[PDB]
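*Asks:* pasting an experimental structure with its sequence.
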Amino acid sequence: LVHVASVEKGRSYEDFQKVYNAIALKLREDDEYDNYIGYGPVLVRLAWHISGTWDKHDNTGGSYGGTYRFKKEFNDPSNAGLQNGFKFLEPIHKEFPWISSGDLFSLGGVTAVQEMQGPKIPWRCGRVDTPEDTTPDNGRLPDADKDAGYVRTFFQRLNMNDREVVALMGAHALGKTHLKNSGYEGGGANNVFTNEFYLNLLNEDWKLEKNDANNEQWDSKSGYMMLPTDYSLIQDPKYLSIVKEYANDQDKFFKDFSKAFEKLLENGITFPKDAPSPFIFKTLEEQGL
Ligand code: HEM
Ligand SMILES: c1cnc2cc[nH]c2c1
C-alpha cells in the first residue's frame, strides 16, 4: 500500500504559511478554552492521534488519508475530546478549502507546538484525502494503564525506538487529562512547550492513587499528574537514562522531539524525489504579527 504525496495544485510555501497564520491567530483569539489552556494542547493531541493509527506492516492508518473526518474514527473512544480540535479547525478549512484534511490536521499540530514556544517542526504538504472505507478500525491508539514493555512494543508498530518514544512523550507537559474523556484527571493548565515533563518525573514525590473513575494514576502534592505509561519511563532503566538526558538538556530535547514528531506525522507517506523540501514556518512572533 503506497501513498504518494501530491502537492495541492499550484500551492507553495506562502500558501501554507497563510494557513499556519490563520491557525496561530485563532489559537491566540480563542484563549478561554479548557479553563484558559487554549487549543494548543488538544491540536497536538489531534495531530498525534490522526498519525498514531499507522501500522508499518501494511501501511494502513496514518495521517495521509485524513480519515479522522469519518465517523468510525472521530467516534473512537480513544479520540474522545478531539472533537474540540476538529471544531477549532473547521473555520480554517472553510477559509482554505484547498488544503487536504490530513495536511490540515497535521499542520494544526505543528502550528500549536511552535506557537507554544516549542521547537520548529519542518512540515511537508501533499497528504490526499482517501475514502471512508480506508478509515482504520478503532483500537490502534495506546492504552494508558500499561507498563514500559507495553509502551515499547506498542511504538514498534509506529517504527519508533526508545529515544523517539521518550522524546514524543514530552508532549505530556501540555494540557491535561480530563476524567470524562479518558478516565484520568488532572495535570494543571500548561500551554508552554518545555522539557518540564522530564523534570517533573524526576523531581516530584509521586503517589499511586485512584481517581474518581477508579483508575490508578500517579499524583504529586504539587498538583502534577502522570499516567501509568508516563511513570513507566522512570521504571524502565533504558527509558530512565533518556528521561534524565532530556531533563538536563532543553535543546537536545527540542531537536529530538522535532525529528520524532515530523516522522510521526509523515509515517506512511512516499515523497517523490522532486517533491518540495519540508517547510519551516515562521511563528506569528517572528513575523511581527
Ligand atoms: C503511551 C503513549 C500515550 C498514551 C497512553 C497517552 C494517553 C493520553 C491520555 C489518556 C490523555 C488525556 C486525554 C484527555 O483526557 O483529554 C492524553 C493527553 C494528551 N496527550 Fe497523550 N498519550 C500518549 C502519547 C502521546 C504522544 C506521543 C503525544 C504527542 C506527541 C501526546 C500528546 C498529548 C497531549 C498534548 C495531551 C493533552 C491534551 C489536552 O490537554 O486536551 N500523547 N494522552
Ligand atoms: C498526559 C498525562 N499527564 C499530563 C499532565 C498534563 N498533561 C498530561 C497529559
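*Replies:* The structure has been received and is ready for your questions. Numbers count the residues shown, from 1 in each chain. Ligands and ions are numbered 1, 2, ... in the order given.
*Asks:* residues of the stretch 1-150 of the chain that sit close to ligand 1?
*Replies:* Taking CB under 6 Å from any ligand atom as the criterion, the stretch 1-150 of the chain approaches ligand 1 at residues 41, 42, 44, 45, 48, 81, 142, 144. (Each C-beta comes from the backbone N, C-alpha and C, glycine too.)
*Asks:* wait, which of these is closest to residue 181?
*Replies:* Nearest to residue 181 among these is residue 81, at 3.8 Å by CB to CB.
*Asks:* phi first, then psi, for the nearest residue to that closest one once chain neighbours are set aside.
*Replies:* Leaving out its chain neighbours, the residue that sits closest to residue 81 by CB to CB, 6 or more residues apart in numbering is residue 181, at 3.8 Å. Backbone torsions for residue 181, taken as degrees, to the nearest 10, come to phi -90, psi -40.
*Asks:* coming back round to it: rebuild the residues of the stretch 1-150 of the chain next to ligand 1 as CSV, extending it with secondary structure.
*Replies:* Putting those into CSV (DSSP: H, G, I helix; E, B strand; the rest coil) gives the following:
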residue, secondary structure
41, helix
42, helix
44, helix
45, helix
48, helix
81, coil
142, coil
144, coil
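*Asks:* residues near the residue nearest to residue 81, how many?
*Replies:* By other CB atoms under 10 Å, the residues close to residue 181 number 19.
*Asks:* equivalent analysis for the one 10 residues further on, please.
*Replies:* Counted with other CB under 10 Å, the burial measure for residue 191 works out to 22 neighbours.
*Asks:* on that earlier part again, compute the distance between the residue nearest to residue 81 and residue 26, please.
*Replies:* If you measure residue 181 against residue 26 using CB to CB, to the nearest Å, the figure is 22 Å.
*Asks:* likewise residue 19?
*Replies:* 11 Å.
*Asks:* show me the common contact partners of these two, please.
*Replies:* Common neighbours of residue 19 and residue 26, counting by CB atoms under 8 Å, 6 or more residues apart in numbering, are residue 92.
*Asks:* neighbour count winner among the two?
*Replies:* Of the pair residue 19 and residue 26, residue 19 is the one with more neighbours under other CB under 10 Å, namely 23 against 17.
*Asks:* element containing that one?
*Replies:* Mapping residue 19 onto the secondary structure by DSSP states H and E places it in helix 13-29.
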